[PDB]
Structure formats: structure tokens, C-alpha cells
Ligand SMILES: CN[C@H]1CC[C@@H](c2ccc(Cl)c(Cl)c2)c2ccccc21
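Taking the form solved without this ligand, here's one chain by itself in C-alpha cells.
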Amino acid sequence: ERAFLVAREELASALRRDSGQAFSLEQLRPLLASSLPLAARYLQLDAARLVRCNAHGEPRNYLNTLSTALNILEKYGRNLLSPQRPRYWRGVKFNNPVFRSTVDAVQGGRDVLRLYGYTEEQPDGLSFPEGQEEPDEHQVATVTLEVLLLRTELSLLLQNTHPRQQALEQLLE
């Protein structure tokens, strides 16, 4: 069994190497099967607050709401990593149909975009600082990895198949 930080460096480097790479549960397992608390396993993504500050209704509902947001946030990350970045990548509008209906439905969703590099705030959206030519590839890959990892954990929790199901359910309010 690979060490936590060993597997983490490996996965993050692979995602940076190939932006469209799919990760299996077998690869991700050392990251989510760890006995470490949720707040300790995530070093960039604020997974703890995401789970806690969006506990509205039953877990069957809000975990799916969170999963939907995480699915889109992952796409935002992979876009920044792609060899050909999509047009208009330097900014995300709050009134964007995709963002508004998926990411902005969760508290902390905008903070994830800030982690990607969208740190400058205007009343109409977030964007990269003027003068910053390229995204921080190492940072984006790390955040993207943690986003897809968290979505994976929520999927397992919903399927009642998470290796640390019993412990993680205590985080569900």
C-alpha cells in the first residue's frame, strides 16, 4: 500500500502531465482510505467547509448538490491545464448559466475558483490578475486532483461503499 504523500505526488504529477487523464478508484484509494481526518487529507481544497457549510436537507440531496458543483469545478481545472485552453478562460462571470446553476449553488464554490487563480473580484465575476500570463500549473493540478477526489468520496458515501464510511458519516449534518 502506497503512502499517502507518495500516491498524492504521483497522481498530481500525472494530471499535470495529461490534463484529460482519468483516475481509477485503485489509484485514488490511498488518498481516501487514509485514517487521517478530512481536514488533514486536503491541503488546498477546503473540503471540510464544503461538506459542513452546505448541509441543507438530507445527505441524499446536498451531497448530490455538492457533487454537481465538484463535477463542474473539475472541468474548470482541466481547462486551465489543457494544451489548448478554451476561449475566455481568464475570467468567470457569476451570471454564466453553467456556473450559476451548478457551482454557485454551493457555499465555498467561488473559493475553489480563487484557488485556481481567479483571485480578482468584480461585482460581475472573478478573473485572473492583469499581468499574470499563465495559470499556476502545479497549483491547478493539485486543486483539480483534490476536487475530483472529493467528488469520488461523495460518490462512495452515497453508495455506502466508502472504506471510511462509518467515520465520514459523522461529518454529515
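In this text, residue numbers run from 1 along the sequence as written.
One more form of this protein exists, namely the form solved in complex with this ligand; it is left out here, but the text below deals with it.
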query	finding
Site status for this ligand placed as in the deposited bound form, C-alpha superposition, 2.4 Å backbone or C-beta test	blocked
Partner-proximal stretch of 138-146, 38-46, 22-30, 121-129 relative to this ligand in the deposited bound form, 4.5 angstroms, heavy atom	38-46
Whether 73, 78 and 81 all lie within 4.5 angstroms of this ligand in the deposited bound form by heavy atom	no
Touches this ligand in the deposited bound form: residue 150 (any heavy atom, 4.5 Å)	yes
Exercise: residue 7 in contact with this ligand in the deposited bound form, heavy atom 4.5 Å	no
Contact label in the deposited bound form: residue 157 to this ligand, heavy atom within 4.5 Å	yes
Interface membership of residue 114, this ligand in the deposited bound form, 4.5 Å heavy atom rule	no
